[PDB]
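Notes follow the structure.
There are 2 protein chains.
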Amino acid sequence: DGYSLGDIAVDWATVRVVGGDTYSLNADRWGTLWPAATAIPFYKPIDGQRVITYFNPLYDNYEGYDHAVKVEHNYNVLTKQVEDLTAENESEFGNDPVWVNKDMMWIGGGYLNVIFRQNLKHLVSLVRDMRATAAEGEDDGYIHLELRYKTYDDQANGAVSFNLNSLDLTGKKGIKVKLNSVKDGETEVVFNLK
Amino acid sequence: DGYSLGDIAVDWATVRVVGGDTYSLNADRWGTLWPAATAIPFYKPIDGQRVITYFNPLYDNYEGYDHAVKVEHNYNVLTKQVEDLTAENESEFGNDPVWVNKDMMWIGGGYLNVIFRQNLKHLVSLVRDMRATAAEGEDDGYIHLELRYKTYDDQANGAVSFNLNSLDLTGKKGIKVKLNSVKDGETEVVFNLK
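Those protein sequences? They're chains A and A', same order as listed. A prime marks a further copy of an entry chain. Numbers 26 to 145, 150 to 183, 188 to 227, taken from PDB author numbering, label the letters of the first sequence in order. Numbers 26 to 145, 150 to 183, 188 to 227, taken from PDB author numbering, label the letters of the second sequence in order.
In structure tokens:
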């Protein structure tokens, strides 16, 4: 391609472990990234860990990988599943009013990616009401999830990635995510799929 | 805050020119950024230019700015308005089937931000049908836009930012954006606002 050695790029990715301490990154937009070089040789990879990865792209189609790069930073992102909300845990997740305009939420690489302002004592969850009462998805064609934030002893920050591959999107128009906005109360966000 | 000199961060931002070659960045998530230092002293700022900015955060609440930082890179992003589609220009914008899963679109800092895979001979537009026939927004409460891509002499790449402040969101549920997907044909994307 047209790359320079000075150039930097970023993406969110999933770490794939090759052999002991050798790893590749499966990036949402850039695809698979082989670390031909690195500024962090003592980085300990965990299979399935989501990260924000900063890297200098070098080549394309390198030994079965979409790109070879020099990794500069791998900031670990909290990696979680969609959790079923039941009678047993209905009160466990909280619902603090937390969302502002500088928060950002999107679907990439099979995950719901969330960043509250910056990555630089709380519980953040993505839940699905499976209780007897919940017939909301029934009669609209969307999967209904809710993002829940909870504080302990008192301004939200951080980043999280929720694996969405536990859901069945067959005959579904998409996914809906309910947010508790600080100013606007409960609001909906609609993700049409395909 | 808890920053290191080794740390890097990224955001999308709007350049604000202070005096000749001195500038600040108005970042979608991080807020206003003062360049206390830089790795690009010969960078020529243009007021209103949108950029992807890479920077090392240093301080908070520095002289009226939300942060002081060292700027590392400012990759210029194509910056455009929402264009009214009329009888005069109906055929001017094209509609190539272009969208894939590795493309990404979101609203940040008053702009519709689009990146086709990577920033590393085409026309990309965000248009609004103002022709006599268009009564689609009438009777659903959303503003209806369409993202249009066009090639000349034959795989989409790049990044663009569309200013949305020309639109009136009063009594509106949000904005809808129509995409031409390669696999799925015309598809809708829904942005609920507030």
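Quick reminder that beta carbons are idealized off the backbone N, C-alpha and C, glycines included.
Tell me, please, which residues DSSP counts as bridged to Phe-224 of chain A'.
-> Looking at the DSSP assignment, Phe-224 of chain A' forms a beta bridge with A':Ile-208.
Between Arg-142 of chain A' and chain A, is there a C-beta pair that is closer than 7 Å?
-> In terms of beta-carbon proximity, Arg-142 of chain A' lines the interface with chain A, with at least one pair separated by less than 7 Å.
Measure the C-alpha to C-alpha separation of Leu-145 of chain A and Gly-31 of chain A' and round it to an integer number of angstroms.
-> Roughly 12 Å between the two C-alpha positions.
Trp-131 of chain A, DSSP secondary structure in three states = Assignment of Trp-131 of chain A by DSSP, reduced to helix, strand and coil, places it in the strand class.
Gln-74 of chain A' - partner residues in DSSP beta bridges | Bridge partners of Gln-74 of chain A': none, in fact.
According to DSSP, what are the bridge partners of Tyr-28 of chain A'?
-> Per DSSP, none; premise fails for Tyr-28 of chain A'.
Would you identify the three-state DSSP class for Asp-169 of chain A, choosing helix, strand or coil?
-> Residue state, collapsed to three classes: coil.
Is there a Cβ from chain A that is less than 7 Å from the Cβ of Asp-217 of chain A'?
-> The C-beta of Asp-217 of chain A' comes closer than 7 Å to at least one C-beta of chain A.
Would you kindly work out how many angstroms separate the C-alpha atoms of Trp-131 of chain A' and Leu-212 of chain A, rounded to a whole number?
-> Looking at the backbone, the Cα of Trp-131 of chain A' and that of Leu-212 of chain A are separated by about 17 Å.
By DSSP, does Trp-55 of chain A' sit in helix, in strand, or in coil?
-> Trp-55 of chain A' falls in the coil class under three-state DSSP.
Span of the beta strand (DSSP E) around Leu-152 of chain A | Counting along the chain, the beta strand (DSSP E) containing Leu-152 of chain A begins and ends at 151 to 158.
Meets three-Cβ-pair contact criterion under 8 Å: the region 156 to 167 of chain A' and the region 73 to 85 of chain A' = No contact exists between the region 156 to 167 of chain A' and the region 73 to 85 of chain A'.
Cβ atoms of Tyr-100 of chain A and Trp-59 of chain A: under 7 Å apart, would you say?
-> No, Cβ-Cβ distance for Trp-59 of chain A and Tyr-100 of chain A is not below 7 Å.
Would you identify the three-state DSSP class for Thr-104 of chain A, choosing helix, strand or coil?
-> Looking at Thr-104 of chain A - three-state DSSP - the assignment turns out to be strand.
Validate contact between the region 116 to 131 of chain A and the region 47 to 63 of chain A' using beta carbons, cut 8 Å, 3 pairs | Enough Cβ pairs lie closer than 8 Å, so yes.
Using Cβ-Cβ distances below 8 Å, what residues of the region 43 to 72 of chain A' are close to chain A?
-> Here the close residues are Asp-53, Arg-54, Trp-55 and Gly-56.
Can you name the start and end residues of the beta strand (DSSP E) that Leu-137 of chain A belongs to?
-> For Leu-137 of chain A, the uninterrupted beta strand (DSSP E) run begins and ends at 136 to 141, by DSSP.
Closest to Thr-180 of chain A' by CA distance: which of A':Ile-208, A':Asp-169, A':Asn-114 and A':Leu-152 is it?
-> Here the closest residue by C-alpha is A':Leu-152.
Tell me, please, whether the CB atom of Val-139 of chain A is closer than 7 Å to any CB atom in chain A'?
-> No, no contact with chain A'.
Can the beta-carbon of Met-159 of chain A' be found less than 7 Å from the beta-carbon of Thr-104 of chain A'?
-> It is not a contact, given that the beta carbons lie outside the stated cut-off.
Beta carbon proximity, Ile-33 of chain A' to chain A, threshold 7 Å = Yes, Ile-33 of chain A' lies at the interface with chain A (some Cβ there is under 7 Å from its Cβ).
Counting Cβ pairs closer than 8 Å, one from the region 191 to 199 of chain A' and one from the region 135 to 143 of chain A', do we hit at least three?
-> Result yes; three or more Cβ-Cβ pairs closer than 8 Å.
Can you say whether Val-94 of chain A is buried or exposed, counting buried as having 16 or more other CB atoms within 10 angstroms of its CB?
-> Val-94 of chain A is buried by the Cβ-count criterion.
Any idea if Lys-209 of chain A' is buried or exposed, counting beta-carbon neighbours within 10 angstroms, 16 or more meaning buried?
-> Buried, since its Cβ has 16 or more Cβ neighbours within 10 Å.
Cβ contact (3+ pairs, closer than 8 Å) linking the region 113 to 123 of chain A and the region 31 to 44 of chain A' = Segments in contact, no.
From what residue to what residue does the beta strand (DSSP E) around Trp-37 of chain A run?
-> Per DSSP, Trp-37 of chain A is one residue of the beta strand (DSSP E) stretching across 34 to 44.
Who pairs with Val-215 of chain A' in a beta bridge, going by DSSP?
-> Paired residue(s): none; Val-215 of chain A' is not in a bridge.
Using three-state DSSP, classify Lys-95 of chain A as helix, strand or coil.
-> If DSSP states are grouped into helix, strand and coil, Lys-95 of chain A belongs with the strands.
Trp-131 of chain A' versus chain A: which residues are under 9 Å apart at the beta carbon?
-> Those are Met-129, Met-130 and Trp-131, listed as they occur along chain A.
Reduced DSSP secondary structure (H/G/I, E/B, other) of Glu-175 of chain A | In the structure shown, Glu-175 of chain A sits in a strand (DSSP, three-state: E or B).
Kindly indicate if chain A' contains any beta-carbon less than 7 Å away from that of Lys-227 of chain A.
-> The Cβ of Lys-227 of chain A sits closer than 7 Å to at least one Cβ of chain A'.
Does the beta carbon of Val-210 of chain A' come closer than 7 Å to any beta carbon on chain A?
-> Any Cβ of chain A closer than 7 Å to the Cβ of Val-210 of chain A' would place that residue at the interface, and such an atom is absent.
Skipping 5 residues on each side, what residues in its chain have a beta carbon closer than 6 Å to that of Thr-39 of chain A?
-> For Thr-39 of chain A, where only same-chain residues beyond five positions count, the Cβ hits under 6 Å are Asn-51 and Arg-75.
Along the beta strand (DSSP E) that carries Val-193 of chain A, what are the first and last residues, could you check?
-> Start and end: 191 to 196.
Is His-98 of chain A' close to chain A, meaning its C-beta is less than 7 Å from at least one C-beta of that chain?
-> Interface residue, yes.
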